[PDB]
Every structure is written in structure tokens, then in C-alpha cells.
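For reference, the structure is listed below as C-alpha cells.
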């Protein structure tokens, strides 16, 4: 028989693992989160649930039986989190300046978890470094021309003459062309330990290489051309109806670190290095340039029901937390949905209007060291359920009254930020075996 | 048993009683009884004889 | 001058050791935390734990059946909880203080 308190059933039948038992089985959960939860497979309408979690669903050995897994998962998570390690990035910055003696050290930074736009993420990454000016920058003597790491989106070779490498309008274009690491002399940035690399859209071209630090040395053909001094441009028109000069000045006294025998600033640009730099000796030969993901890439979330069925081949049951079976191997329900704003760059004058605070819009440190104009095309986090059906997994001979359900990521550990994972198993005959 | 209650009604669903034997019963106290089934019971604050 | 008069009463005795037979030092009658005894060519267990089973209690009763629990043993930690019969029921007969 298939149960002793109900009539035996033949052919296809249904079972359910529902996460809606939180008072009928939640005295077994007081350290089991929803990604490791115990829940009944026995759902007797007319029996007390307390005394009915120890009942067993028998399956005769007339034929082998295997359930058909189906999982309905809905996740709500932010895009700055401990899950991806995307709430921290490590960056080499100037940590002291005192005749100048310069110190540099790798200083980890942390973004507050919970965030919305892609544009916001870049801005708070900048603001981390400018809150490290309020730390060791104003308690030493670091110059506001220097900051270590800066993240822009700007392209600095538009309206640019190849023969005379000044930016001829004397200002940089205020349009995004893709994320950029504006990286100072003798400084790197490290994104090995984080997925904030994938947010920028800067990736390795050999991804199984260990380490992922980008040095000032790596960037070649990446020096940012100095602005034309348009004063020299105006007052040469009155002598040709003769002078031309770089903008080395600024009114806050923060000069653009101009390389002395050149018309080029000492600031490097990753974006320039990739495109206009050396083809095989630039930063482009070990990096790739890709579209930004606000989601930071999309992971896989596994299903496991280790003690409720026999596991697929090349697995074995473990109650150890480090290792577990994999079943499904399906997508994370976090996806990216692109949206378009053609006033994207102009809506940073309407967040300037709203917030006169200018600690998000920021005080101009130098006219390179400034927050970047917003991307025209943005990626926006989207949470929609994912439904999936799977093949047969051979079941146990009889099934316990309460059975573990566990979801685990690609790092093989339990997952915060899961609020629905619904097991649906349908037993059916597979093929005859001796009874 | 709630507190100052003098009756406990206990009803069991319809079940076979094939090969049933006796009953035994005793009274415990909520404080001194932990929950078994969970890895940790955070409401258990008693360390005397259970 | 007044803290020359203070009275002190000692702290109450408190004896903290292990349980009667190592009770609840390992999980029985739980799911997720149940043990495994199985082959290495199959993962079918010979452990079935239910919430309506109790084996920590069952073991205590079993020990009593097979011989005295007044005999202490230090290995498996046998030593059954007890009380003095003049604490639980107070036999009182005054004091022989006639001299």
C-alpha cells in the first residue's frame, strides 16, 4: 500500500513542500532560515498537524518511483550586498602626504548596502574616497588634485586634434561613453575579491587567471590630454586679424598634474587606454570591455532535497554544511531590464536642484575629479519569479513526514534573500523492479 | 495546560489501535521542558534537571 | 564607622557538571541533525528519528531494568539524580536537648 490511513493510489500522484508552514513545523525551525527549512510533505486535512509530521508515505517496490522536481522561486535582494561581496572594493589610494613624501597603501572601502541605480553606485564609490579625504586627507596634507582612484564615464578625445593633443573646446564632453577608471600615478585598484568589477563592465580576458588588480603601469596610451586655454585661443584671433597654451591652472588652485615636457596630464584613463592606447601593449590584451550590469552578473541557485530522494550520480548524501548535492542548476531570479533616458545627463541638474547638499553631486575637487554624468542607457534591477520544471529524480522507498528543503548557491552555501522557494514533486512509475 | 486550568481535553484523530498497549502520563512544566527538533531553542533558560 | 557592622552570608552552593548519562549531548529525535549509519555503496540509513520518539528518556528506564542506578560509574557517567528523604518529606521529631 501507499498509505495506511488513506486508500492506496496508483499512477501519478502529487506531493508538496510548502513554505507556508511556519507554526505547524516552526518548532523545528529556530535556526533554519528559508533556504534550509524543514517542512511537512504530509498535509492531512482532518488530522492534527503536530502529531502528523511523523507519518510516512509508502511506495511499493512494484516499480521504481521518481519525483518530478519543479521549483517556483522569488528572490528580493539589493544590488549592494554581502552575497556577491559587492559591498566592498579595495583600492590603493594616497594615505599620507607631508618637499613631499608620498605614501600609498591598499585601503578597503565599503558601500552602504541597499542601493538603486547604476548611476548611484558609481557616485557612492567616488564618495567613499572623498570620505577618506575627511579621514586621512585633512589630518595629513594630501592635495585635492590627488585621490588615488576615481570612476568616471567620460571620453576625453572628442574635439581633439591629433597633431596638437589639447582638447580644443577647453572642456570635456559631458556624456557617458562607458565606465572608466581614472587612475592616479602610482596607484592601482583591486576587484579580485568583489563583483563591483562586473558593475563597471571591466572584465578579464583570461578569467581563470588569479588576481585582478589594474595598475597605473597597465594603462598605456591613456594619459588624458590637457584642456586648451581658450584665453590664448581668443587673443591670437586679434593678432591674426598667435599664442596657444594648456590649462595647467584652476581657480581652487588644484592644477591638473601636467607632465612637464608634454601637453598631457599625469592622470590615466582606462577608457582611453583600451581604445586609443596601444593595441597589444595597452590595458587591452588582458581585459575586455562589456556592458554594465547593475545586478553584478547573474548567479545560479541550486535546489537540494538530500534525504527525500536518491541524489544524481557523482554525489552522495552529506549533512555536513560545506558540501551538498546539486539539483536543477537554474538561474537566480534577479535579472536586468534596460531603460533609456536622453535627459540622463541633464537629470543630474535636477538632483542638484533637489539636493543643494552637493555631497552626492559633490564639490569639484579638480575638473577631472568630479562625479560623472549619468549613462544614457542604464540597467535597472528587476525581481520577477522564475519557474522551472525538471526530469525524474529517483525517490526513497518511503518518505519521511517532514523533509528538508535547501537552496545553495554556486559557492555551495545557504542563501539570504530568498523568501519563496516552493518544492513541487510528482511521483510516477519509471520502470519495474522485483517486489 | 494554560495556568490555573483544571482540565485538559486531549483528542486524537481516528487511527488504528492494532497492537496498542497502555498509557502513561506525568505533568512537566513549560520552563523545564526544551523543544527538541530544532538545533537551538532560544527560549530555554533553565539548566536544572529536565 | 558604620561599615564596621556589615553581615555577610556565603553564596549559595551551585554544582555544575554534565548530565545524568550525557543526556542531550548529541541529537536524537530531531530532523536535519539525525545521525547516519549507512554503507558507502548506498545512502539508505539505518537511523530513522521521529519527533514522537524519545530515546534519551528510554535509555534511562532501560538502565534501571538491567541493574541498580545506585551503583555509580564514571565512564558513562551513571549517577542518578536523587534527594535526601529528610528534605523532600520533612520528618521532624524535635531535638534531644534535655541536657
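Chains as they are written, first to last, in the deposited numbering: chain W, 51 to 148, 160 to 302, 339 to 532; chain E, 646 to 695; chain X, 299 to 397. Virtual Cβ for every residue (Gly too), placed ideally from N, Cα, C.
| Asked | Found |
| --- | --- |
| Tell me which same chain residues have a C-beta within less than 6 Å of the C-beta of residue 437 of chain W, skipping the five on either side of it? | 474 |
| Mind listing which residues of the stretch 87–109 of chain W have their C-beta closer than 8 Å to chain X's C-betas, in chain order? | 88, 101, 103 and 104 |
| Out of W:178, W:283, W:414 and W:118, point me to the one whose CA is closest to residue 491 of chain W's CA. | W:118 |
| If you draw a straight line from the alpha carbon of residue 449 of chain W to that of residue 141 of chain W, how long is it in whole angstroms? | 28 Å |
| DSSP state of residue 182 of chain W, grouped into three classes? | helix |
| Locate the alpha helix (DSSP H) running through residue 532 of chain W, then write down its first and last residues. | Element bounds for residue 532 of chain W: n/a, residue is neither H nor E. |
| With a CB to CB cut of under 7 Å and the five nearest residues on each side skipped, what residues in its chain are close to residue 689 of chain E? | 679 |
| Apart from the five residues on each side of it in sequence, which residues of its chain come closer than 7 Å, Cβ to Cβ, to residue 343 of chain X? | 334, 335 and 336 |
| Please list, in chain order, all residues of the same chain as residue 466 of chain W whose beta carbon is under 6 Å from its beta carbon, the five residues on each side excluded. | 208 and 211 |
| For residue 343 of chain X, which residues in chain E fall below 9 Å Cβ to Cβ? | What residue 343 of chain X touches in chain E: nothing, since even the nearest Cβ is about 18 Å away. |
| Which residues does DSSP list as the beta-bridge partners of residue 484 of chain W? | W:122 |
| Here's the rule I'm using: 16 or more other beta-carbon atoms within 10 Å means buried, otherwise exposed. How should residue 482 of chain W be labelled? | exposed |
| Kindly provide the ranges of any beta strand (DSSP E) runs that are 3 or more residues long and lie completely inside the stretch 406–486 of chain W, ordered along the chain. | 424–428, 431–437 and 474–480 |
| Give the DSSP-derived three-state secondary structure of residue 267 of chain W in the structure shown. | coil |
| Output, in chain order, the set of chain X residues within a Cβ distance shorter than 8 Å of residue 682 of chain E. | 327, 328, 329 and 349 |
| Just mark residue 307 of chain X as buried or exposed, buried being the case when its beta carbon has 16 or more other beta carbons within 10 Å. | exposed |
| With a 10 Å radius around its C-beta and 16 neighbouring C-beta atoms as the bar for buried, classify residue 100 of chain W as buried or exposed. | exposed |
| Hey, is the stretch 183–196 of chain W in contact with the stretch 265–273 of chain W, meaning 3+ C-beta pairs nearer than 8 Å? | no |
| Pull up the CB-CB distance for residue 231 of chain W and residue 356 of chain W, whole angstroms please, since I reckon it's below 8 Å. | Wrong, their Cβ atoms sit about 18 Å apart, outside the cutoff. |
| Select from W:471, W:353 and W:277 the residue whose C-alpha is nearest the C-alpha of residue 613 of chain W. | The structure shown has nothing for residue 613 of chain W, since chain W only spans 51 to 532. |
| As a quick exercise: from W:386, W:392 and W:192, pick the residue whose alpha carbon is nearest that of residue 372 of chain W. | W:386 |
| Using the rule of at least 16 other Cβ atoms within 10 Å of the residue's Cβ for burial, across every protein chain shown, is residue 417 of chain W buried or exposed? | exposed |
| For residue 478 of chain W, count neighbouring Cβ atoms within 10 angstroms of its own Cβ and tell me buried if that reaches 16, exposed if not. | buried |
| Quick check: is the beta carbon of residue 661 of chain E nearer than 9 Å to any beta carbon in chain W? | yes |
| Applying a beta-carbon distance threshold of less than 9 Å, which residues of chain W neighbour residue 303 of chain X? | Those do not exist, as residue 303 of chain X stays about 51 Å from chain W at its closest Cβ, beyond 9 Å. |
| Could you confirm whether any beta carbon from chain X is found closer than 9 Å to the beta carbon of residue 679 of chain E? | yes |
| At least one CB of chain W closer than 9 Å to the CB of residue 334 of chain X: is that the case? | yes |
| Under 7 Å Cβ-Cβ, which residues of chain E neighbour residue 379 of chain X? | 694 |
| From residue 513 of chain W to residue 66 of chain W, what distance separates their C-alpha atoms? | 23 Å |
| Tell me which residue opens and which closes the beta strand (DSSP E) that residue 372 of chain W is part of. | No beta strand (DSSP E) holds residue 372 of chain W; the alpha helix (DSSP H) holding it covers 367–372. |
| Using the DSSP secondary-structure output, state which residues sit across from residue 241 of chain W in a beta bridge. | W:213 |
| Does residue 547 of chain W get closer than 9 Å to chain E when you measure Cβ to Cβ? | Absent from the model: residue 547 of chain W. The displayed extent of chain W is 51 to 532, so no value can be given. |
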